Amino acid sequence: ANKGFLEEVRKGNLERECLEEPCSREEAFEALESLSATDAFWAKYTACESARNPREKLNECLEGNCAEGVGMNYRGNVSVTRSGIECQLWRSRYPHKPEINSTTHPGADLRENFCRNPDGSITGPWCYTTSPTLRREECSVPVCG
């Protein structure tokens, strides 16, 4: 958090600096190296802001197996919709040409065809469907708690 007497003369650390105290993106960055793991982190971190405490509650929401809030933290391997319709590869461009994708929203983990919520749609984790008629649709993922 940048709060002592000479903390920044030391090697940045993730537990100390961000998981034990709140942090700036620069502090996380400084403790990660890869900008890529920082994008990944910062994303699953900012989405867990309302689950800081307890910290077992923080470890839950950062793990991504449960949707917390609107499920922007969700990083699970569920890929079928609310209706049962399978999801379109995020990287596929057919049947629907996704406007949301890895270059656009790099912290999210648009892998395979797994439900996500890169955007924080109020209906939660979604994905694009394979049905030509239904572009996107919410998915049923276990809620943090």
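In this text, residue numbers run from 1 along the sequence as written.
- Relative to one another, 28 to 36 and 52 to 60 have unequal mean CA B-factors, and 52 to 60 is the one with the higher figure.
- Higher mean CA temperature factor between 13 to 21 and 129 to 137: 129 to 137, per the PDB entry.
- Looking only at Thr46, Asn117, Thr103, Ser79, the residue with the top Cα B factor in the deposited structure is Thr103.
- Per the deposited record, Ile85 carries the highest C-alpha B-factor of all listed residues (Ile85, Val70, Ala108, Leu89).
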